[PDB]
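Reading through the structure tokens given below for one structure.
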Amino acid sequence: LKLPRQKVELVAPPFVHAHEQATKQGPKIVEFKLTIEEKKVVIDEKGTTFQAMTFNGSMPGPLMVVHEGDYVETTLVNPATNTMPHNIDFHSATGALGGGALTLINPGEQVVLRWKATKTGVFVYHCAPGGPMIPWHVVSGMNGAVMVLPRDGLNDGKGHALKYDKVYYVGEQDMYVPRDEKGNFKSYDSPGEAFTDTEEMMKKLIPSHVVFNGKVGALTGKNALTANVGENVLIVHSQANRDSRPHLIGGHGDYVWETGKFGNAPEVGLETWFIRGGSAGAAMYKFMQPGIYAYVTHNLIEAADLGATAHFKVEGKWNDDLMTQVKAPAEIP
Amino acid sequence: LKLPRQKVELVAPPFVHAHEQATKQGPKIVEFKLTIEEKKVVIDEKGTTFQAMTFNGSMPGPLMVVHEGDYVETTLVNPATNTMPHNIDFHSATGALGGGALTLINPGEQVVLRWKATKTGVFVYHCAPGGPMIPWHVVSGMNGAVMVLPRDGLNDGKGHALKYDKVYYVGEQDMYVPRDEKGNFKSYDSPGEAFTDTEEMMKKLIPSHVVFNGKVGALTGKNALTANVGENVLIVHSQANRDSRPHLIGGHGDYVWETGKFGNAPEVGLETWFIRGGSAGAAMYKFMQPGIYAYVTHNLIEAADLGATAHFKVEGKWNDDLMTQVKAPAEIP
Amino acid sequence: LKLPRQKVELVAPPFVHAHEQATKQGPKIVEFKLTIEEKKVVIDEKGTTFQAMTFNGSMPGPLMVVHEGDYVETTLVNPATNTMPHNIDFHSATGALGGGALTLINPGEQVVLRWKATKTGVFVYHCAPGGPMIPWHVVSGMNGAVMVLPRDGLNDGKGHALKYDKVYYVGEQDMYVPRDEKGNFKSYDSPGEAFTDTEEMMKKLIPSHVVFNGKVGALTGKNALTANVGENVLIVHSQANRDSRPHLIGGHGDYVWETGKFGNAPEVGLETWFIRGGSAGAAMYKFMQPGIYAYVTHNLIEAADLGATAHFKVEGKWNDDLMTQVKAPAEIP
Ligand SMILES: OC[C@H]1O[C@](O)(CO)[C@@H](O)[C@@H]1O
Ligand SMILES: OC[C@H]1O[C@](O)(CO)[C@@H](O)[C@@H]1O
Ligand SMILES: OC[C@H]1O[C@](O)(CO)[C@@H](O)[C@@H]1O
Ligand SMILES: [Cu+2]
Ligand SMILES: [Cu+2]
Ligand SMILES: [Cu+2]
Ligand SMILES: [Cu+2]
Ligand SMILES: [Cu+2]
Ligand SMILES: [Cu+2]
């Protein structure tokens, strides 16, 4: 394979490495490195801990962006400081269990996989070492996404280009943290020590936490998502194990690929869309009003009580035609 | 804003206030009033009670119907006989958390919000006072829907009008009623007294009841939905917090907008469709056979055991070409 | 009704009785027989038993295949060796609760129902005897599917034929097996004896097992699904009671009707699709690589831990352009 090589410097979510939408480049070999990190992290404002397993140190793993017909060459590294075997399965890829059957590496090893990006869209990638380890590694955080853009950029299915001003990647994680007898969340010294209790809970299918970007409140405050009135924002949403129903409170999905695949035209003007577990989807919105927005899964129990709320802080001029407080709160006549 | 004003007299679900489909009217300011009522209600045939919180006294709140480009001016009233603050978030609206950030009212107050109906479809509206109160108020019953029709009425995406003879609004409600030690449903003296136990249950994500129109059996018997053979019926279905999968037993969805948005063409000939939690969808069916139909969510446990069954009673002539009992039950030869 | 009659010899899933895709036949009366069998079966590799109730002895019931405009004439037989009344509801059919209101038969009886196949797609059929028996009979295994093909075969919505080389039917079953105090699965002497404990569990909405073709591992080993590189395989997936999210690990859904209805164009290039509870869907894939594939629901806990994994074993030549192991596992430099 004698194509040009291009290195990408990955960046942590919710940001996305610089890329072109429409491009005049032809196919390349695009080189990525992912280094697995097992680590104990804090997942909520109460200080609950969690035995995480990650690509590149983050939940989700970083978004990889290429174009249709590129070859994606990933160096997967499992440092000796980890305890378990790991691999990678790309839903964008064809053959060998998405790459999983060619990438199983023990601590101290690395492997190099190349796959041709023949399918456009956003896709999950995740670890899948075999058997009961598959769900455990995924719900411990070992999942991310890849975006395979058409070379001509995105379109509306009616001949018109859809160009985003910025893209964010929201990875949603269902987490299963067991409780002790008195009802407090348990802490564990290693992923292996967490496994028995965590699997017992997993099989009951109810998460303790549902978070964006690895933690309750990760995408709020200093780390709120941002936009300006007039900006078209693409929001890629993934969930490797469990369904989600994204909703932008105060906005819409102007153009939505809920199954996440750009060979299909987007749907228009959605209130809430649906990310099937094991997939990524994408929604574009042009902001029309300034202020705070919440971006949630619209199981509101999950959103408000289990962790699944992000914010956008949007700058610009208020549009009284679109919405106005005609009369402020006042005593009932 | 110097447009004509038009008042609407809302009606309780499953009925829908009189409206035009295609219209020659231009944009108007359409005026609605919603008065919040907190009240203890009975939700099943066993006499289980429930601390409900409602718009206009009903679960769901009434369906509001306007056309694209209208301005919707809602007077939201929170009488002093209630105990909690409330607000309203319209998924149809743009800005200020759907209106929620402009409509928080204490008992004894009212507020007037106007929003421009720039997106067509059926949409959820719900209370969303902030934080953990958001899911609690929604699952206590504070949700309804609005329908924003194209000015030319509905179409099939192929150039042809789709005119309904009647429309019904089915609001589905997941309810979380705690049990005592011996396994009976608990009763509470106030919503505030119900909150701690109810939140603990909510976070476990399994409802005790799933009902249409506020109660097991609400849309059966005297209150069955009705039609005649030959009539095209539009069924709007909403679920503000949790997924549903509507199905008309003995029928189909001839034309279905499962994501609920009229900028998209309907799907045709469905058996079962999917309402993502936090959304409304709509399905049209032309009845071809008389008799009893059941309209359910097709988790049949929810439908038959947790409350989520409505009936249609349909008049007209049986069509033996479409279906016939060739041989009645008889002993096996 | 003076049309030609054609008998079909049904075959057990995942296989499908021989049929034409495009056909020059006109409408016929197509005759099927289903004989109900209640039986205790083993559902996992641990030897857990289950009080099953089945059409034709299998879970799922066999796939019935006809063409648009055919009349489907089913002899439903409830032998005296069974204990309960049963019936059949076809989601493909119009009127009388899908046929259920015309087919209730006691042990020792049979009935003959005819329905006209006016809607194309794949559809669920299931037992539905009334009230709380409806979910119980369905989750005990009394569900299958029917496929109603266009007379011109399948198409891509763009004018082009889609011809499958083979079709498989994957019926997914949520099962509710109670546990005793010490945590072992219970065994029962009859379906009636299992009912009280099984209903109590059903209402909590969490299955103990989620299986394909009636058992953990049913579609693995000797009984793996098969294909060759170059073959277009249609996979019909049904779930009569609960949502599923199919995914072919290492492949895609080239053409997918996730709502399962051929009046709608397929979506293209999916990673994971969604089968709403109470429906069947269908996905076509042309295999490009040899080796083992897993076909799962992509709640990976369900797939790996509760039973919901099938395999494909695919023969042919490996395509290094699509995927290659550039560097095998090696020590990190
Ligand atoms: O946006 C993707 C869609 O747009 C088109 O190219 C033009 O309508 C379709 O062929 C494709 O499905
Ligand atoms: O019914 C809505 C659909 O119908 C059309 O106007 C004509 O095909 C489309 O542009 C739109 O998506
Ligand atoms: O494949 C089914 C689809 O294909 C068409 O016949 C041609 O585009 C549509 O009318 C139909 O929805
Ligand atoms: Cu791993
Ligand atoms: Cu996967
Ligand atoms: Cu409220
Ligand atoms: Cu909302
Ligand atoms: Cu039965
Ligand atoms: Cu059914």
Side-chain angles (χ1 to χ4, degrees), chain A residues 38-54 59-60 132 135-143 170-220 238-245 275 277 296-310, chain B residues 131-132 134-136 139 174 176 178 196-207 241-242 277, chain C residues 204-207 299-302 304-306:
Chain A
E38 301 168 8
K39 52 173 177 186
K40 186 181 213 168
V41 299
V42 175
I43 59 166
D44 69 25
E45 298 178 1
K46 296 187 272 183
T48 303
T49 69
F50 181 70
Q51 284 291 348
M53 300 195 294
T54 73
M59 290 182 285
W136 183 51
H137 285 232
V138 173
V139 303
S140 296
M142 293 203 70
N143 62 92
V170 179
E172 177 177 332
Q173 189 61 61
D174 51 315
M175 300 175 167
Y176 302 83
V177 184
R179 289 154 149 115
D180 62 18
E181 189 173 356
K182 66 184 179 301
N184 295 346
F185 290 117
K186 292 183 68 178
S187 65
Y188 300 95
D189 292 341
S190 69
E193 289 168 290
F195 177 64
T196 295
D197 294 346
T198 298
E199 189 182 56
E200 174 181 25
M201 183 173 178
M202 285 159 62
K203 287 173 59 185
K204 294 176 189 172
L205 303 181
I206 307 298
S208 56
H209 299 71
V210 182
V211 298
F212 298 150
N213 218 58
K215 193 168 192 262
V216 178
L219 301 182
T220 73
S238 73
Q239 225 302 5
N241 191 61
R242 184 174 177 269
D243 306 322
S244 180
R245 56 217 54 73
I275 307 299
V296 296
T297 183
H298 212 293
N299 183 316
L300 296 169
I301 304 165
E302 299 184 31
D305 296 343
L306 306 184
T309 298
Chain B
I134 299 170
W136 183 51
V139 303
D174 51 315
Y176 302 83
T196 295
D197 294 346
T198 298
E199 189 182 56
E200 174 181 25
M201 183 173 178
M202 285 159 62
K203 287 173 59 185
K204 294 176 189 172
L205 303 181
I206 307 298
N241 191 61
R242 184 174 177 269
Chain C
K204 294 176 189 172
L205 303 181
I206 307 298
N299 183 316
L300 296 169
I301 304 165
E302 299 184 31
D305 296 343
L306 306 184

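Residue numbering restarts at 1 for every chain, and letters A, B, ... go by the order of the sequence lines. These values consider heavy atoms only, across backbone and side chains, with no hydrogens, waters or symmetry-generated copies.
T196(A) pairs by the side chain to side chain donor-acceptor pair (under 3.5 Å) definition with nothing, not counting sequence neighbours. Under the rule for a side chain to side chain contact (heavy atoms under 4.5 Å, CB included), the partners of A52(A) that lie at least two apart in sequence or sit in another chain are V41(A), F50(A), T54(A), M59(A). For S244(A), the side chain to side chain donor-acceptor pair (under 3.5 Å) partners at least two apart in sequence or on another chain are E172(A), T297(A). With sequence neighbours left out, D174(B) forms a side chain to side chain donor-acceptor pair (under 3.5 Å) with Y176(B), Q239(B), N241(B). A search for side chain to side chain donor-acceptor pair (under 3.5 Å) contacts involving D189(A) returns nothing, not counting sequence neighbours.
When all heavy atoms of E38(A) and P191(A) are compared, the closest pair comes out as OE1-CG, 4.1 Å. Nearest heavy atoms, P207(A) versus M201(A): C-CE, 4.3 Å. Taking each heavy atom of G217(A) and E45(A) in turn, the nearest pair found is CA-OE2, 4.0 Å. Across all their heavy atoms, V138(A) and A240(A) have their closest contact at CG1-CB, 3.6 Å. The two residues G277(A) and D243(A) make their nearest non-hydrogen contact at N-OD1, 2.8 Å. Minimum interatomic distance between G307(A) and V216(A) (heavy atoms only, all atoms of both residues): CA-CG2, 3.8 Å.
Between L306(A) atom CG and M202(B) atom CE the span is 9.5 Å, to the nearest 0.5 Å. Separation of atoms NE2 (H137(A)) and CG (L300(C)) is listed at 12.0 Å; rounding is to 0.5 Å.
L205(B) places a side-chain heavy atom less than 4.5 Å from the side chain of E302(A). Using a 4.5 Å heavy-atom cutoff, the side chains of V177(A) and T48(A) are in contact. The shortest distance between side-chain heavy atoms of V139(A) and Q173(A) falls below 4.5 Å. Taking 4.5 Å as the limit, every side-chain heavy atom of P132(A) sits out of range of all side-chain heavy atoms of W136(A).
Among pairs with a residue in residues 197-212 of chain A, those fulfilling side-chain hydrogen bond (donor to acceptor under 3.5 Å, both in side chains) read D44(A)-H209(A), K186(A)-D197(A), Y188(A)-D197(A), at least two apart in sequence or across chains.
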| said: Using side chain to side chain contact (heavy atoms under 4.5 Å, CB included), reason through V211(A) and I43(A) one step at a time and then give a plain yes or no. | reply: CA-CA 8 Å; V211(A) 298; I43(A) 59 166; 5.5 Å; no
